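*Asks:* Input: one structure, supplied below.
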Amino acid sequence: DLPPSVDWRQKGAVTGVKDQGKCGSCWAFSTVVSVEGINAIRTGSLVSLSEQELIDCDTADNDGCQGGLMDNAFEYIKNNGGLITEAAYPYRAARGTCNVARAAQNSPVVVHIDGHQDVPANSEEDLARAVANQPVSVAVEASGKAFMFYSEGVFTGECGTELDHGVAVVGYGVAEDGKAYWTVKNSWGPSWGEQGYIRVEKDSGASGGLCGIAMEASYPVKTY
């Protein structure tokens, strides 16, 4: 049965909040949250990974600062020997030549994944049980005024489903007023929302989840 509450931050499986800056690299940050998460859960070691590697090297279908998809990124990580650490390949907020090879010369630490799994489309229920096991990458509509200027509390709307931003759900719970919510780690810096996080109403009336949060969710698989 599903736990009534989940917070991977408290379990040491979530790194600090970052700021993607002007670069449209939300997809890379979302991907990293999920990979950092499953690696911590499987090894007990929380390591900060390189969103920059995805931006520079995962170029087959993803398009650097112009956008991308988390599932395409998971595939890249699976087929290209994992993801290197942040320290080895720091974020530049701009796309540059893929240089992880020489970067790994002096900094070899990487995290591997076996692949990824998609949460059945529009299922907040399936999303809940995926979250109960690990952080999950999701897409939402974040261009709306309400979302953009959110500061605190359980975000109830207003927002549609014009998916344009990739983030990650690191947990879920119920507010004191009885409202269920998803704990979403954003990449707009720690001064936005609740220390960089936004609690999006969970199990709302919206078929695919508020802001379309359950429309295109996926997570990485890792075992050993």
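In the structure tokens, each chain is lettered A, B, ... as it comes, each chain's residues begin at 1, and ligands are numbered from 1 in order of appearance.
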Tell me which protein, DNA and RNA residues are within 12 Å of residue 25 of chain A, counting only C-alpha atoms, leaving out same-chain ones fewer than 6 positions away, and put them as a PyMOL selection string.
*Replies:* chain A and resi 18-19+31-32+50-56+58+62-70+73+91-95+164-167+186-188
*Asks:* Only N, CA, C and O atoms, please: the residues just picked out, written as a compact mmCIF listing (two decimals), in the first residue's frame.
*Replies:*
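Ended up saving to out.txt:
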# COMPACT_ATOMS: atom_id res chain seq x y z
N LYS A 18 19.01 24.33 -8.11
CA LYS A 18 19.85 25.08 -9.05
C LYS A 18 19.06 26.11 -9.83
O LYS A 18 17.83 26.17 -9.75
N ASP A 19 19.78 26.92 -10.59
CA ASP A 19 19.18 27.93 -11.44
C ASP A 19 19.72 27.69 -12.85
O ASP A 19 20.91 27.84 -13.10
N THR A 31 16.10 15.73 -15.72
CA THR A 31 16.75 14.44 -15.89
C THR A 31 17.75 14.19 -14.75
O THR A 31 17.75 13.12 -14.14
N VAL A 32 18.59 15.18 -14.47
CA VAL A 32 19.59 15.04 -13.41
C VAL A 32 18.99 14.82 -12.02
O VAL A 32 19.52 14.03 -11.24
N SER A 50 26.21 16.24 -13.82
CA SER A 50 26.36 17.28 -14.84
C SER A 50 25.26 17.50 -15.87
O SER A 50 25.14 16.75 -16.83
N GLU A 51 24.48 18.56 -15.67
CA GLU A 51 23.44 18.88 -16.64
C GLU A 51 24.14 19.39 -17.91
O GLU A 51 23.61 19.28 -19.02
N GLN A 52 25.35 19.92 -17.75
CA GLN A 52 26.09 20.45 -18.89
C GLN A 52 26.45 19.34 -19.89
O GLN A 52 26.45 19.57 -21.10
N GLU A 53 26.75 18.15 -19.39
CA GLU A 53 27.09 17.05 -20.30
C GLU A 53 25.91 16.76 -21.22
O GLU A 53 26.08 16.53 -22.41
N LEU A 54 24.71 16.75 -20.65
CA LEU A 54 23.52 16.48 -21.45
C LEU A 54 23.36 17.55 -22.52
O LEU A 54 23.08 17.25 -23.68
N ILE A 55 23.55 18.80 -22.13
CA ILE A 55 23.40 19.92 -23.05
C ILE A 55 24.39 19.84 -24.22
O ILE A 55 24.01 20.04 -25.38
N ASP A 56 25.65 19.56 -23.93
CA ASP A 56 26.68 19.49 -24.96
C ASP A 56 26.73 18.18 -25.75
O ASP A 56 26.97 18.18 -26.96
N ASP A 58 24.24 15.28 -25.48
CA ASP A 58 23.00 14.63 -25.88
C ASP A 58 22.34 15.50 -26.95
O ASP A 58 21.41 16.24 -26.67
N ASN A 62 17.69 15.95 -28.68
CA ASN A 62 17.56 17.11 -27.80
C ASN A 62 18.35 18.24 -28.42
O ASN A 62 19.31 18.00 -29.15
N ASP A 63 17.96 19.48 -28.14
CA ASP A 63 18.61 20.64 -28.75
C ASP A 63 19.17 21.68 -27.78
O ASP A 63 18.81 22.85 -27.82
N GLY A 64 20.07 21.24 -26.91
CA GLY A 64 20.71 22.13 -25.95
C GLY A 64 19.83 23.16 -25.26
O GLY A 64 18.79 22.83 -24.68
N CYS A 65 20.26 24.42 -25.33
CA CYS A 65 19.56 25.55 -24.72
C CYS A 65 18.23 25.87 -25.35
O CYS A 65 17.47 26.68 -24.82
N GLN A 66 17.95 25.26 -26.49
CA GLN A 66 16.70 25.49 -27.19
C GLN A 66 15.60 24.51 -26.80
O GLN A 66 14.47 24.62 -27.27
N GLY A 67 15.93 23.55 -25.94
CA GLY A 67 14.93 22.60 -25.50
C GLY A 67 15.33 21.14 -25.63
O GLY A 67 16.33 20.80 -26.26
N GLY A 68 14.52 20.27 -25.03
CA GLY A 68 14.78 18.85 -25.07
C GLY A 68 13.74 18.04 -24.32
O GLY A 68 12.73 18.57 -23.85
N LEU A 69 13.99 16.74 -24.21
CA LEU A 69 13.08 15.83 -23.53
C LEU A 69 13.85 14.94 -22.55
O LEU A 69 14.93 14.45 -22.88
N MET A 70 13.29 14.73 -21.36
CA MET A 70 13.95 13.90 -20.36
C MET A 70 14.10 12.45 -20.81
O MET A 70 15.12 11.83 -20.53
N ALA A 73 17.04 12.09 -22.88
CA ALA A 73 18.25 12.21 -22.06
C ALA A 73 18.57 10.90 -21.33
O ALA A 73 19.73 10.51 -21.23
N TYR A 91 28.19 23.48 -14.92
CA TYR A 91 27.18 24.16 -15.73
C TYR A 91 27.64 25.53 -16.24
O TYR A 91 28.15 26.34 -15.47
N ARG A 92 27.45 25.77 -17.53
CA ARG A 92 27.84 27.03 -18.16
C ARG A 92 26.63 27.83 -18.66
O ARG A 92 26.77 28.98 -19.08
N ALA A 93 25.45 27.21 -18.62
CA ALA A 93 24.24 27.88 -19.08
C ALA A 93 24.31 28.25 -20.56
O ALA A 93 23.68 29.20 -21.01
N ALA A 94 25.08 27.49 -21.31
CA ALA A 94 25.23 27.72 -22.75
C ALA A 94 25.81 26.45 -23.32
O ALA A 94 26.59 25.76 -22.66
N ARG A 95 25.45 26.13 -24.56
CA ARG A 95 25.95 24.91 -25.17
C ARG A 95 27.34 25.08 -25.76
O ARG A 95 27.63 26.06 -26.44
N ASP A 164 5.70 23.00 -21.42
CA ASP A 164 6.87 23.72 -21.93
C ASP A 164 8.02 23.72 -20.95
O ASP A 164 9.06 24.33 -21.21
N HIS A 165 7.86 23.02 -19.83
CA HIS A 165 8.90 23.04 -18.81
C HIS A 165 9.06 21.69 -18.13
O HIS A 165 8.09 21.07 -17.69
N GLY A 166 10.31 21.23 -18.04
CA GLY A 166 10.58 19.96 -17.40
C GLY A 166 11.09 20.17 -15.99
O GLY A 166 12.02 20.96 -15.78
N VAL A 167 10.49 19.49 -15.03
CA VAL A 167 10.89 19.57 -13.63
C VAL A 167 10.86 18.17 -13.03
O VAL A 167 10.76 17.18 -13.76
N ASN A 186 12.03 22.82 -8.74
CA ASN A 186 12.15 23.62 -9.95
C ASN A 186 13.63 23.98 -10.11
O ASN A 186 14.44 23.75 -9.22
N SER A 187 13.97 24.55 -11.26
CA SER A 187 15.34 24.94 -11.54
C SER A 187 15.46 26.43 -11.83
O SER A 187 16.18 26.85 -12.74
N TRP A 188 14.72 27.23 -11.06
CA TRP A 188 14.76 28.68 -11.23
C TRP A 188 15.45 29.33 -10.03
O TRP A 188 15.19 30.49 -9.72
*Asks:* Give me the residues near residue 124 of chain A as a PyMOL selection string, where near means some atom within 9 Å (using only C-alpha atoms) and where sequence neighbours in that chain fewer than 2 positions away do not count.
*Replies:* chain A and resi 119-122+126-129+202-203+207-209+213-215
*Asks:* Would you output that residue set with N, CA and C atoms, as a CSV table (one decimal), in the first residue's frame?
*Replies:*
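Final output, again.csv:
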chain,number,residue,atom,x,y,z
A,119,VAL,N,5.7,6.7,-17.0
A,119,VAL,CA,4.5,6.6,-16.1
A,119,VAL,C,3.4,6.6,-17.1
A,120,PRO,N,2.4,5.6,-17.0
A,120,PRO,CA,1.3,5.7,-17.9
A,120,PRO,C,0.7,7.1,-18.1
A,121,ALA,N,0.5,7.5,-19.3
A,121,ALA,CA,0.0,8.8,-19.6
A,121,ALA,C,-1.3,9.2,-18.8
A,122,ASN,N,-1.2,10.4,-18.2
A,122,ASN,CA,-2.3,11.0,-17.4
A,122,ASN,C,-2.7,10.3,-16.1
A,126,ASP,N,-0.6,6.3,-10.9
A,126,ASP,CA,0.7,5.6,-11.2
A,126,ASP,C,1.9,6.5,-10.9
A,127,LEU,N,1.7,7.8,-11.0
A,127,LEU,CA,2.7,8.8,-10.7
A,127,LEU,C,3.0,8.7,-9.2
A,128,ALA,N,2.0,8.6,-8.4
A,128,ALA,CA,2.1,8.5,-6.9
A,128,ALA,C,3.0,7.3,-6.5
A,129,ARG,N,2.7,6.1,-7.1
A,129,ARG,CA,3.5,5.0,-6.7
A,129,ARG,C,4.9,5.0,-7.3
A,202,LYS,N,-2.2,17.8,-5.8
A,202,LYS,CA,-2.3,16.4,-6.3
A,202,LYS,C,-3.7,15.9,-6.3
A,203,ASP,N,-4.0,15.0,-7.2
A,203,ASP,CA,-5.3,14.4,-7.4
A,203,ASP,C,-6.4,15.5,-7.5
A,207,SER,N,-7.9,15.8,-15.3
A,207,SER,CA,-7.6,14.5,-15.8
A,207,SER,C,-6.1,14.1,-15.9
A,208,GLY,N,-5.3,15.0,-16.5
A,208,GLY,CA,-3.9,14.6,-16.6
A,208,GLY,C,-3.0,15.3,-15.5
A,209,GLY,N,-3.7,15.7,-14.4
A,209,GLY,CA,-2.9,16.3,-13.3
A,209,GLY,C,-2.9,17.8,-13.5
A,213,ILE,N,0.9,17.8,-15.1
A,213,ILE,CA,2.0,17.1,-14.4
A,213,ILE,C,2.1,15.6,-14.5
A,214,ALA,N,1.0,14.9,-14.8
A,214,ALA,CA,1.0,13.5,-15.0
A,214,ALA,C,0.9,13.0,-16.5
A,215,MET,N,1.0,14.0,-17.4
A,215,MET,CA,0.9,13.7,-18.8
A,215,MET,C,2.2,13.1,-19.5
*Asks:* How far is it from atom CA of residue 216 of chain A to atom CA of residue 137 of chain A, in Å with one decimal?
*Replies:*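 Value for the atom CA of residue 216 of chain A-atom CA of residue 137 of chain A distance: 8.4 Å.
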*Asks:* Could you give me the residues within segment 39-136 of chain A that DSSP places in alpha helix (DSSP H), as a ChimeraX atom specification?
*Replies:* /A:39-43,51-57,70-79,100-106,124-133
*Asks:* Kindly export the residues of the current selection with C-alpha atoms, as a PDB file, in the first residue's frame.
*Replies:*
ATOM      1  CA  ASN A  39      21.738   6.733  -7.617  1.00  0.00           C
ATOM      2  CA  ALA A  40      21.455   7.914  -4.027  1.00  0.00           C
ATOM      3  CA  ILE A  41      18.695   5.400  -3.331  1.00  0.00           C
ATOM      4  CA  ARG A  42      20.653   2.495  -4.841  1.00  0.00           C
ATOM      5  CA  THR A  43      24.102   3.347  -3.481  1.00  0.00           C
ATOM      6  CA  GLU A  51      23.441  18.876 -16.637  1.00  0.00           C
ATOM      7  CA  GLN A  52      26.090  20.447 -18.894  1.00  0.00           C
ATOM      8  CA  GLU A  53      27.089  17.054 -20.303  1.00  0.00           C
ATOM      9  CA  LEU A  54      23.521  16.485 -21.452  1.00  0.00           C
ATOM     10  CA  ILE A  55      23.405  19.917 -23.052  1.00  0.00           C
ATOM     11  CA  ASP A  56      26.683  19.489 -24.964  1.00  0.00           C
ATOM     12  CA  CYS A  57      26.634  15.750 -25.666  1.00  0.00           C
ATOM     13  CA  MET A  70      13.951  13.900 -20.363  1.00  0.00           C
ATOM     14  CA  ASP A  71      13.232  10.510 -21.903  1.00  0.00           C
ATOM     15  CA  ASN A  72      15.680  11.292 -24.740  1.00  0.00           C
ATOM     16  CA  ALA A  73      18.246  12.211 -22.059  1.00  0.00           C
ATOM     17  CA  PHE A  74      17.755   8.969 -20.125  1.00  0.00           C
ATOM     18  CA  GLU A  75      18.426   7.088 -23.355  1.00  0.00           C
ATOM     19  CA  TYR A  76      21.650   9.065 -23.821  1.00  0.00           C
ATOM     20  CA  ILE A  77      22.837   8.272 -20.305  1.00  0.00           C
ATOM     21  CA  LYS A  78      22.014   4.604 -20.800  1.00  0.00           C
ATOM     22  CA  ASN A  79      23.913   4.330 -24.073  1.00  0.00           C
ATOM     23  CA  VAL A 100      33.383  14.884 -21.294  1.00  0.00           C
ATOM     24  CA  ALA A 101      36.067  12.505 -22.573  1.00  0.00           C
ATOM     25  CA  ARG A 102      39.036  14.680 -21.634  1.00  0.00           C
ATOM     26  CA  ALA A 103      37.086  15.940 -18.622  1.00  0.00           C
ATOM     27  CA  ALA A 104      36.905  12.348 -17.361  1.00  0.00           C
ATOM     28  CA  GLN A 105      40.676  12.073 -17.772  1.00  0.00           C
ATOM     29  CA  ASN A 106      41.227  13.845 -14.458  1.00  0.00           C
ATOM     30  CA  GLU A 124      -1.631  10.599 -11.123  1.00  0.00           C
ATOM     31  CA  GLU A 125      -2.160   7.285  -9.404  1.00  0.00           C
ATOM     32  CA  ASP A 126       0.688   5.630 -11.242  1.00  0.00           C
ATOM     33  CA  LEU A 127       2.748   8.788 -10.695  1.00  0.00           C
ATOM     34  CA  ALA A 128       2.149   8.502  -6.948  1.00  0.00           C
ATOM     35  CA  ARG A 129       3.528   4.981  -6.733  1.00  0.00           C
ATOM     36  CA  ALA A 130       6.496   5.853  -8.942  1.00  0.00           C
ATOM     37  CA  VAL A 131       7.248   8.779  -6.611  1.00  0.00           C
ATOM     38  CA  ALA A 132       6.933   6.521  -3.572  1.00  0.00           C
ATOM     39  CA  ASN A 133       9.944   4.643  -4.977  1.00  0.00           C
TER      40      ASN A 133
END
*Asks:* Grab the atom CA of residue 211 of chain A to atom CA of residue 12 of chain A distance for me, in Å with one decimal place.
*Replies:*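 Rounded to one decimal, the two atoms are 27.4 Å apart.
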*Asks:* Could you name the residues that touch residue 150 of chain A at 10 Å or less, counting only C-alpha atoms, but leaving out those on the same chain fewer than 3 positions away, as a list in words?
*Replies:* residues 145, 146, 147, 153, 154, 155, 157, 192, 193, 194, 197, 198 and 199 of chain A
*Asks:* Keeping only N, CA and C atoms, write the selected residues to a file as an mmCIF file, in the first residue's frame.
*Replies:*
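Listing of out_12.cif after writing:
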data_model
loop_
_atom_site.group_PDB
_atom_site.id
_atom_site.type_symbol
_atom_site.label_atom_id
_atom_site.label_comp_id
_atom_site.auth_asym_id
_atom_site.auth_seq_id
_atom_site.Cartn_x
_atom_site.Cartn_y
_atom_site.Cartn_z
ATOM 1 N N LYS A 145 0.951 32.965 -15.727
ATOM 2 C CA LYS A 145 1.214 33.968 -14.696
ATOM 3 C C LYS A 145 1.164 33.378 -13.285
ATOM 4 N N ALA A 146 0.110 32.624 -12.991
ATOM 5 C CA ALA A 146 -0.055 32.029 -11.668
ATOM 6 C C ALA A 146 1.136 31.168 -11.251
ATOM 7 N N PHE A 147 1.562 30.262 -12.125
ATOM 8 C CA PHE A 147 2.698 29.401 -11.827
ATOM 9 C C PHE A 147 3.967 30.237 -11.693
ATOM 10 N N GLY A 153 2.559 27.909 -0.410
ATOM 11 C CA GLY A 153 1.315 27.170 -0.283
ATOM 12 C C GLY A 153 1.140 26.090 -1.331
ATOM 13 N N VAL A 154 -0.037 25.471 -1.362
ATOM 14 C CA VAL A 154 -0.315 24.440 -2.352
ATOM 15 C C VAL A 154 -0.902 25.123 -3.577
ATOM 16 N N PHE A 155 -0.151 25.112 -4.672
ATOM 17 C CA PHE A 155 -0.587 25.732 -5.918
ATOM 18 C C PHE A 155 -1.811 24.999 -6.468
ATOM 19 N N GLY A 157 -3.717 26.408 -9.066
ATOM 20 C CA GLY A 157 -3.949 26.853 -10.437
ATOM 21 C C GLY A 157 -3.823 28.367 -10.423
ATOM 22 N N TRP A 192 13.009 31.302 -5.691
ATOM 23 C CA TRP A 192 11.684 31.168 -6.289
ATOM 24 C C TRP A 192 10.841 30.179 -5.500
ATOM 25 N N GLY A 193 9.563 30.498 -5.323
ATOM 26 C CA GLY A 193 8.665 29.611 -4.601
ATOM 27 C C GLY A 193 9.119 29.297 -3.188
ATOM 28 N N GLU A 194 8.885 28.068 -2.742
ATOM 29 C CA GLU A 194 9.288 27.673 -1.398
ATOM 30 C C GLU A 194 10.708 27.109 -1.457
ATOM 31 N N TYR A 197 11.181 25.261 -4.499
ATOM 32 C CA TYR A 197 10.155 24.242 -4.704
ATOM 33 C C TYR A 197 8.743 24.804 -4.811
ATOM 34 N N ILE A 198 7.866 24.036 -5.448
ATOM 35 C CA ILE A 198 6.467 24.416 -5.558
ATOM 36 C C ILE A 198 5.651 23.168 -5.264
ATOM 37 N N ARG A 199 4.651 23.311 -4.407
ATOM 38 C CA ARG A 199 3.782 22.193 -4.077
ATOM 39 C C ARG A 199 2.560 22.317 -4.980
#
*Asks:* Distance atom CA of residue 33 of chain A-atom CA of residue 179 of chain A, one decimal place?
*Replies:* 25.1 Å
*Asks:* Could you give me, as a VMD selection string, the residues within 10 Å of residue 16 of chain A, counting only C-alpha atoms and dropping anything in the same chain fewer than 6 positions from it?
*Replies:* chain A and resid 9 33 48 185 187 189 to 190 195 to 196
*Asks:* Using DSSP on the backbone coordinates, identify all residues within segment 68-211 of chain A classified as strand (DSSP E or B); present the result as a ChimeraX atom specification.
*Replies:* /A:83-85,110-111,115-118,136-140,154-155,165-174,180-185,188,194,197-201
*Asks:* Which of these residues is nearest to residue 113 of chain A, using only C-alpha atoms: A:7, A:13, A:36, A:27?
*Replies:*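 Of A:7, A:13, A:36, A:27, the one nearest residue 113 of chain A is A:36, counting only C-alpha atoms.
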*Asks:* Can you list, as a list in words, every protein, DNA or RNA residue that comes within 8 Å of residue 85 of chain A when you count only C-alpha atoms, leaving out same-chain residues fewer than 6 positions away?
*Replies:*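 After dropping sequence-adjacent residues, the list is residues 47, 48, 49, 50, 109, 110 and 111 of chain A.
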*Asks:* Go ahead and save the picked residues with N, CA and C atoms, as a compact mmCIF listing (two decimals), in the first residue's frame.
*Replies:*
# COMPACT_ATOMS: atom_id res chain seq x y z
N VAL A 47 25.33 12.20 -5.10
CA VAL A 47 26.30 12.88 -5.96
C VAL A 47 25.64 13.85 -6.93
N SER A 48 26.21 15.05 -7.05
CA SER A 48 25.68 16.05 -7.96
C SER A 48 26.19 15.73 -9.36
N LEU A 49 25.27 15.62 -10.31
CA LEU A 49 25.62 15.28 -11.68
C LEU A 49 25.63 16.46 -12.65
N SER A 50 26.21 16.24 -13.82
CA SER A 50 26.36 17.28 -14.84
C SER A 50 25.26 17.50 -15.87
N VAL A 109 34.55 9.95 -12.15
CA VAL A 109 33.29 9.54 -11.52
C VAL A 109 32.03 9.74 -12.37
N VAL A 110 31.28 8.66 -12.57
CA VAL A 110 30.05 8.72 -13.36
C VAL A 110 28.97 7.83 -12.75
N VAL A 111 27.72 8.11 -13.10
CA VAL A 111 26.58 7.35 -12.61
C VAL A 111 25.89 6.68 -13.80
*Asks:* Hey, which of A:60, A:148, A:170, A:175 ends up closest to residue 10 of chain A? Count only C-alpha atoms.
*Replies:*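 Counting only C-alpha atoms, the residue closest to residue 10 of chain A is A:170.
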